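Only one chain comes next, encoded as structure tokens, the form deposited in one PDB entry.
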């Protein structure tokens, strides 16, 4: 799979490289000209993928000229990966941010937009501004989208060829677009391509995080009095006592009905209770926001392990991109000791032995106390070193700078991801950055000195990483080890574990674990077994896998809400996009008036079988339509069920035409549209609140036994279909009963 894709891509790389001379000979204007020229071709029905070699060749040359930098072949590969529904895994230091100029350019050609998704505003802003002169060189515009930005500025940012901004704010824009009353209010365009800069946090860790817009844009207060008023007779089964009372729920209904849920919430708040609240107007999770893009792609580092998750949550394939130089870091067999003490003793040994050959070491621990421990023992053994202490960030940046210096030893606690590159030999710019007026032959010096240090650290084996314990998450171990062997540099790594260590628990048999014990790891000595390393890694994988199972069940609950939100927003946007909702109105009125009479007159039925005590009233009650109708048919005996069905619809229409000559065609059309949006909104927010309740009234509504979800999907899909019909009927009522000072 990865092997043959990569082969096929290496072939296209060789095409691109051969085009380099053509792009070189080209003037700056001629280069800017390729864009319109690709677009002309696309307009004539070219396939965008056929453009990859020339477009990449064009972007590569532009970047030589604007940035002074020329995409490496691995970067060309990474770019082609990101044209597909894929994650490019590119090792820290491989140049993700330059890589990303390639797919961003290519996927801008069709004029549909590109969303570059950064983790924070600083990078959005930084990247937009760094790339603006590149992409302007190429006749594209760039937009920057930020929180607080006004809507007209936002509209421009989204109308640029390429956009930068954080995941959050993309989401938030989406929601507010789905709260618009006119389509000119939208800031976004159709969601074309999302290129996510760091997928681990953005797509995975934060997959289920809801984006919520709330607004004290509540409404009602009556209920909390009504429902309170019942409570000063509640005196320490208990469903029935509650049920049978008032002018809400009269008709022998059920309160524990997933339907009366807001009510039940009212009573159970009123009982718990012994200015306006701001409800959710709109929600989406990130995972479901990303799933809306026609095309999705992104980048992460080589630390992987979550390929199975990207695939199942997002259908993102993943391509492991080679590094530009050979990755020669030596990841040695995990070692396993009886006790911590024995473990540390052999850790200190390793460090002793290495720092004496001039090799620098970075010790990653799982806690401060674990740090202080390995530290103090290093001091006991006479080994100089420094701890990165999270309280002294300044000291930490200075430590980190000399951390590749010969025989340097640095201890870090639960170390993060990416982090500052550690330069072997020490950093030599960090050194002239300290020189308040330098020279050519001071510089010469610093650098000569440094090459000698650097070549000696490489020759001593590069940065050695020591993991004093492993994490449950291998991704994290992998990020630790990944700080060594960057850009082809020698380095190595080794993890230590002991039988005393926390992680021993991940095997889930305590005695099955205590069998390595029976290889009693003798004091002086040591062996290495390749199967242990794979056991451990396998176990880390199984914990990850079971965690993701747990999470798949959560995402299934989520798919219920996604499916309902997609459908309803789809309906809302059909309406929004139409200036004239009138024929939709005509059809719903018919739907509503057929069903409404059906529930009183049975189709193709006998006058013997028709009723008014509730009908007659229902029509006056919900429609301000008063047809004292009994007599129509005892005074005009012949017409018939179908010529009358017709006739009531006709009336209703006549009262409506009447109100409209009074108000204005347009004014009316626009009101109806407004009513249909406002009512869909109301219902939907009601619906969301009710689902949230069920969903929590269902971590425990009942039983280890039967199926909680399932029943929940059914209840919830069911209320969504009820809401769909209640929307038709509530819109028609409104239009029927609307007051206007007449003739």
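Between two forms, the rigid core is defined as the largest C-alpha subset superposing within 1.5 Å. Residue numbers count along the first chain shown, from 1.
If you look for the form deposited in another entry, you will not find it shown, but the lines that follow are about it.
Just a single entry of 580, 654, 574, 642 exceeds or equals a 2 Å CA shift between this form and the one not shown, which is 642 (rigid core superposed). Annotation: Cα of residue 439 displaced by at least 2 Å between this form and the one not shown, core superposition. If you fit the rigid core between this form and the one not shown, you'll see the Cα of residue 41 move by less than 2 angstroms.
In this overlay on the rigid core, residue 152 has a C-alpha that sits less than 2 Å away from its partner position between this form and the one not shown.
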